[PDB]
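Protein sequence lines correspond, in order, to chains A and B. Reading the first sequence from the start, the letters are residues 1 to 334 in PDB author numbering. Reading the second sequence from the start, the letters are residues 1 to 334 in PDB author numbering. So the structure is just underneath, and the comments pick up after that.
There are 2 protein chains.
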Amino acid sequence: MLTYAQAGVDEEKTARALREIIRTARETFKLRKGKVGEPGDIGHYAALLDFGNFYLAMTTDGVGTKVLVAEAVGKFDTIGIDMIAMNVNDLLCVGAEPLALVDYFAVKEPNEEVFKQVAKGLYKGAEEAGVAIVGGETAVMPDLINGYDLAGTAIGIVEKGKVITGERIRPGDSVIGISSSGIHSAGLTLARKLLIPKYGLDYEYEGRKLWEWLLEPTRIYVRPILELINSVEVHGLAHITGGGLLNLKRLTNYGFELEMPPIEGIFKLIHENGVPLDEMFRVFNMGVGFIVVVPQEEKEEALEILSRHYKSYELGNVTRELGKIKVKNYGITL
Amino acid sequence: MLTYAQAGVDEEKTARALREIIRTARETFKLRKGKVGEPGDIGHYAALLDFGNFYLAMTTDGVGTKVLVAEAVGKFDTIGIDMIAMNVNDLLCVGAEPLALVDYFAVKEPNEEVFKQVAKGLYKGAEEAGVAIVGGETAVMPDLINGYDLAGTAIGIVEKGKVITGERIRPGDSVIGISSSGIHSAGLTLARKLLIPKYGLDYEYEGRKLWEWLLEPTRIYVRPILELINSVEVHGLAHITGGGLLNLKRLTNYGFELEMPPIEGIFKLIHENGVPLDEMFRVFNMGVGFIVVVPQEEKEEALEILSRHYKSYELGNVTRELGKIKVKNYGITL
Ligand SMILES: Nc1ncnc2c1ncn2[C@@H]1O[C@H](COP(=O)(O)O)[C@@H](O)[C@H]1O
Ligand SMILES: Nc1ncnc2c1ncn2[C@@H]1O[C@H](COP(=O)(O)O)[C@@H](O)[C@H]1O
Ligand SMILES: O=CNCC(=O)N[C@@H]1O[C@H](COP(=O)(O)O)[C@@H](O)[C@H]1O
Ligand SMILES: O=CNCC(=O)N[C@@H]1O[C@H](COP(=O)(O)O)[C@@H](O)[C@H]1O
Numbered sequence: 001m002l003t004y005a006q007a008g009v010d011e012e013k014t015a016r017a018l019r020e021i022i023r024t025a026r027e028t029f030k031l032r033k034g035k036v037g038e039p040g041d042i043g044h045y046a047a048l049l050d051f052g053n054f055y056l057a058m059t060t061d062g063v064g065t066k067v068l069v070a071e072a073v074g075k076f077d078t079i080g081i082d083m084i085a086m087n088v089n090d091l092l093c094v095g096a097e098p099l100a101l102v103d104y105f106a107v108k109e110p111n112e113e114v115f116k117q118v119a120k121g122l123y124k125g126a127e128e129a130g131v132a133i134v135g136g137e138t139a140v141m142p143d144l145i146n147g148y149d150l151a152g153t154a155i156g157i158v159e160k161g162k163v164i165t166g167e168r169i170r171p172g173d174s175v176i177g178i179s180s181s182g183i184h185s186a187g188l189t190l191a192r193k194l195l196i197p198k199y200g201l202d203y204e205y206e207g208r209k210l211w212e213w214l215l216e217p218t219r220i221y222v223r224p225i226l227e228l229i230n231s232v233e234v235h236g237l238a239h240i241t242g243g244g245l246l247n248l249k250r251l252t253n254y255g256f257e258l259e260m261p262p263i264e265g266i267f268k269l270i271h272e273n274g275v276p277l278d279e280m281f282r283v284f285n286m287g288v289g290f291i292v293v294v295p296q297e298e299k300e301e302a303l304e305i306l307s308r309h310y311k312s313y314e315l316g317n318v319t320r321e322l323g324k325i326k327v328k329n330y331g332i333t334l
Numbered sequence: 001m002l003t004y005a006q007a008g009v010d011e012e013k014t015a016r017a018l019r020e021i022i023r024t025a026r027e028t029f030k031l032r033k034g035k036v037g038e039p040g041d042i043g044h045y046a047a048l049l050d051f052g053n054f055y056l057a058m059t060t061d062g063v064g065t066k067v068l069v070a071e072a073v074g075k076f077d078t079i080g081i082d083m084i085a086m087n088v089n090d091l092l093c094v095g096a097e098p099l100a101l102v103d104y105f106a107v108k109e110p111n112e113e114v115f116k117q118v119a120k121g122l123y124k125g126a127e128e129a130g131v132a133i134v135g136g137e138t139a140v141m142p143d144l145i146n147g148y149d150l151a152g153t154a155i156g157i158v159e160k161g162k163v164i165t166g167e168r169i170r171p172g173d174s175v176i177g178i179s180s181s182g183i184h185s186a187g188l189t190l191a192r193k194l195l196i197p198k199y200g201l202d203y204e205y206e207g208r209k210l211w212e213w214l215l216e217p218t219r220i221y222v223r224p225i226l227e228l229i230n231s232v233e234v235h236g237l238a239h240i241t242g243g244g245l246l247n248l249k250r251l252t253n254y255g256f257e258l259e260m261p262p263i264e265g266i267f268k269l270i271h272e273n274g275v276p277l278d279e280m281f282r283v284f285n286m287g288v289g290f291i292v293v294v295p296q297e298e299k300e301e302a303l304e305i306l307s308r309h310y311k312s313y314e315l316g317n318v319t320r321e322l323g324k325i326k327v328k329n330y331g332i333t334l
């Protein structure tokens with residue numbers, strides 16, 4: 001087909017349905033007014049709860065339908081990495097250090113093989129993120145779940161005065177992208193429906209099977225970002241998840257002028273199957289898993305720090321074209 | 001369908017499948033050794049995380065297949081109460097005061113009317129529990145979810161020295177039960193599969209339709225328990241969820257000698273349809289939604305405090321004899 005909506009995930013409809021839940025949530029903030037745990041507003045990558053000298057950051061994230069690929073090939077060995085990565089990467093975007101995670105595992109059956117595989121990736125992700133897995137919930141629910149749905153909730157800590165929300169972003173700031181490991185965990189419904197029936201899961205593309213491209217575990221950005229924020233002045237941090245580059249608009253009203261990396265790997269296969277390029281930058285990470293915004297004079301030091309850990313790119317600059325994201329080398333405006 | 005396992009939920013097989021996940025989680029504890037967020041052990045109602053002067057308690061709970069009844073009859077405005085109740089009631093069982101919650105909503109479709117109803121119950125539960133809903137996650141996943149699955153994660157706070165785990169439970173202690181509002185959110189898979197085909201959700205039993213029996217929202221115990229633990233010495237706290245009375249074995253290895261309330265309402269219908277009483281006490285709450293263990297000299301004041309909130313019962317005593325839960329007035333030993 002063409003779009004994420006036609007694949008079954010209508011982001012516009014989802015936002016419409018969610019307005020009532022978000023309004024209700026905001027009404028509950030007053031229940032902790034002036035007390036420990038008093039929250040900030042909803043809409044950012046994590047909630048910030050006032051504990052006096054510090055904020056606790058709290059976020060919740062699932063893997064999505066990536067688990068349907070894992071099931072077909074009997075490899076849940078890295079789905080736990082995906083779940084941990086999505087949660088801890090979101091914590092970083094308020095400037096918090098990730099501490100602990102609980103997982104929610106909703107399954108059609110208590111399959112011992114699936115669970116042993118899930119456990120392997122949970123450890124690898126936890127070790128790379130520096131977090132303890134401290135508890136969880138397992139729900140065997142075959143009438144409600146057609147596979148093995150893995151989600152979780154993570155908490156982190158950020159000192160008062162060191163929160164990074166994006167309000168410090170100014171025009172002229174440099175925009176830097178850290179490469180993704182691949183598709184990560186966003187847009188799998190479109191990728192699965194577009195490619196699997198046409199090509200088959202065993203289709204071989206640049207020496208890897210389609211399932212390998214679809215299952216590649218999400219990259220964890222904790223070490224480079226925690227190093228970065230303790231060395232250079234950071235104005236904004238954005239984990240590229242659902243919404244793609246639109247996630248930058250959660251940080252600032254200022255505009256962005258970007259040059260994005262070449263379209264490669266699975267993203268090229270998807271593009272060559274008719275998804276419009278503007279939709280692609282709103283759905284897939286397109287090679288950039290994480291974006292940082294720093295003062296222009298810190299650009300080279302930031303790149304030196306990030307490049308120790310992962311391939312990183314100077315993407316562009318913040319502008320006064322309020323509310324616009326110009327992908328200059330593709331002629332796209334979001 | 002005369003046991004929970006025959007209805008599709010085999011707790012033995014779930015525990016077996018979870019072994020590698022629990023083992024891996026414990027191997028991650030060392031990642032926070034001596035740092036902020038260092039955890040206690042897994043196994044209890046909540047995780048305890050060391051923040052210096054206090055512990056942060058964290059738990060995650062879903063509603064279960066109760067949501068399939070809500071969808072069948074079109075009544076979603078109380079499952080938000082169930083979700084909040086499950087989470088905050090578990091936080092109470094380490095002695096913590098609930099502070100904040102995030103919700104995970106995995107849905108077949110973004111239906112605006114469903115979301116509007118869910119939002120009503122979310123507010124009602126949050127106000128009664130005294131918590132803010134500070135964020136969440138919404139996943140539209142029709143290939144994976146056959147309904148509207150609602151879960152959440154809650155955090156609470158407990159001062160060092162005031163944690164209530166059950167280790168202070170001693171033989172001779174008094175065991176007090178607080179009535180449930182009904183079936184709560186445990187065992188719905190058995191109740192759905194056993195009752196709905198034969199009777200239909202419109203069947204009237206003892207003055208209420210079957211859907212009313214199955215959808216009655218889970219009771220919230222925050223106000224009575226917080227008053228209790230600030231008034232008398234409390235040795236153990238147990239929210240009666242999956243496993244029924246077996247949850248007491250998580251607090252202590254000492255035995256229990258109990259008299260349980262008469263079988264009424266939905267529990268009587270289930271029993272009359274062939275589920276034996278011994279299975280029923282390990283699946284359903286059987287009229288008791290929360291159990292407290294206090295030294296005998298606190299028993300009269302504890303009953304007075306609890307009875308001002310909900311119907312409460314002296315159930316029995318902790319025994320020097322180990323491991324056994326004797327329900328004396330039904331001739332059942334668990
Ligand atoms: N079901 C939900 N309940 C409460 N808040 C939500 C829910 N889904 C998303 N949010 C919030 O909406 C914002 C955008 O979420 P997302 O689209 O997942 O990045 C974040 O602040 C979330 O915490
Ligand atoms: N999927 C999971 N991951 C980690 N811990 C879990 C999981 N499921 C259950 N637990 C833990 O096992 C204990 C019993 O949980 P429950 O059977 O839900 O009462 C609690 O301490 C939970 O935190
Ligand atoms: O305890 C916390 N949340 C509730 C919970 O864990 N529910 C889980 O969902 C399955 C079905 O429950 P049912 O639909 O039969 O009631 C079952 O595995 C329960 O353990
Ligand atoms: O961001 C946190 N977790 C990821 C996430 O939000 N996943 C959600 O699941 C749906 C499909 O995802 P897909 O299977 O197409 O990737 C979609 O509604 C996403 O928002």
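Every residue, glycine too, gets a C-beta built ideally from N, C-alpha and C.
N- and C-terminal bounds of the alpha helix (DSSP H) containing residue i
| i | result |
| --- | --- |
| A/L144 | Careful: A/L144 lies outside any alpha helix (DSSP H) and carries neither H nor E. |
| A/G80 | 79-92 |
| A/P224 | 222-229 |
| A/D278 | 277-283 |
| B/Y104 | Here B/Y104 belongs to no alpha helix (DSSP H); instead the beta strand (DSSP E) covers 97-107. |
| A/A302 | 299-307 |
Whole-angstrom distance between residue j and residue i, CA atom to CA atom
| i | j | result |
| --- | --- | --- |
| A/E113 | B/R19 | 11 Å |
| A/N87 | A/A151 | 9 Å |
| B/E11 | B/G43 | 15 Å |
| A/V318 | A/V294 | 10 Å |
| A/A129 | B/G316 | 47 Å |
| B/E314 | B/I176 | 5 Å |
| A/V327 | A/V292 | 16 Å |
| A/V134 | B/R16 | 19 Å |
| A/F256 | A/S185 | 24 Å |
| A/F76 | A/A70 | 5 Å |
| B/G125 | B/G323 | 35 Å |
| B/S181 | B/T218 | 6 Å |
| A/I266 | A/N273 | 11 Å |
| A/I81 | B/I21 | 13 Å |
| A/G34 | A/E109 | 45 Å |
| B/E298 | B/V232 | 6 Å |
| B/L245 | B/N230 | 25 Å |
Opening and closing residue of the beta strand (DSSP E) in which residue i lies
| i | result |
| --- | --- |
| A/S312 | 312-319 |
| B/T28 | B/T28 -> not in any beta strand (DSSP E); alpha helix (DSSP H) instead, spanning 11-28. |
| B/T189 | Taken as a continuous stretch (DSSP letters only), B/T189 belongs to no beta strand (DSSP E), being part of the alpha helix (DSSP H) at 188-199. |
| residue 336 of chain A | Residue coverage of chain A in this structure runs from 1 to 334, which leaves residue 336 of chain A outside it and unanswerable. |
| A/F54 | 54-62 |
| A/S179 | 174-179 |
| B/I291 | 288-294 |
| A/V118 | Careful: A/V118 lies outside any beta strand (DSSP E), inside the alpha helix (DSSP H) at 112-129. |
| B/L49 | 47-50 |
| B/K326 | 325-327 |
Heavy atom of ligand 5 within 7 Å of residue i beta-carbon
| i | result |
| --- | --- |
| A/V134 | Ligand 5 is absent from the structure shown, which contains only ligand 1, ligand 2, ligand 3 and ligand 4. |
In the stretch 97-112 of chain B, which residues sit with their C-beta less than 7 Å from some C-beta in chain A, listed in chain order? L99, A100, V102, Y104, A106, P110, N111, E112
Contact between the stretch 115-124 of chain A and the stretch 47-61 of chain B (3+ Cβ pairs under 8 Å): Segments in contact, no.
Residues around ligand 3, please: the condition is that the C-beta lies closer than 7 Å to some non-hydrogen atom of it. A/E137, A/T138, A/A139, A/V140, A/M141, B/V9, B/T14, B/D61, B/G62, B/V63, B/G64, B/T65, B/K66, B/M86, B/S185, B/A186, B/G187, B/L188, B/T189, B/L190, B/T241, B/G242
Given 8 Å as the limit, is there contact between the stretch 91-102 of chain A and the stretch 179-198 of chain A, that is, 3 or more CB pairs closer than that? no
Just checking, does the stretch 303-320 of chain A make contact with the stretch 275-283 of chain A on the three C-beta pairs under 8 Å criterion? no
Using 8 Å as the threshold, is the stretch 137-153 of chain B in touch with the stretch 205-217 of chain B, meaning 3 or more CB pairs across them? The stretch 137-153 of chain B is not in contact with the stretch 205-217 of chain B.
Using a Cβ cut-off of 8 Å, which residues of the stretch 154-178 of chain A contact any Cβ in chain B, in chain order? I155, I157
Interfacial residues, the stretch 233-252 of chain A to chain B, with Cβ spacing under 9 Å: none
Residues in the stretch 118-131 of chain B having any Cβ partner in chain A nearer than 8 Å: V118, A119, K120, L122, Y123, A126, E127, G130, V131
Per the contact definition of three or more C-beta pairs closer than 8 Å, is the stretch 159-167 of chain B in contact with the stretch 47-66 of chain B? yes
Taking beta-carbon pairs under 7 Å, can you tell me which members of the stretch 6-36 of chain A lie near chain B? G8, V9, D10, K13, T14, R16, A17, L18, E20, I21, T24, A25, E27, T28, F29, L31, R32, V36
Between the stretch 61-79 of chain A and chain B, which residues of the former have CB atoms less than 8 Å from a CB of the latter, in chain order? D61, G62, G64, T65, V67, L68
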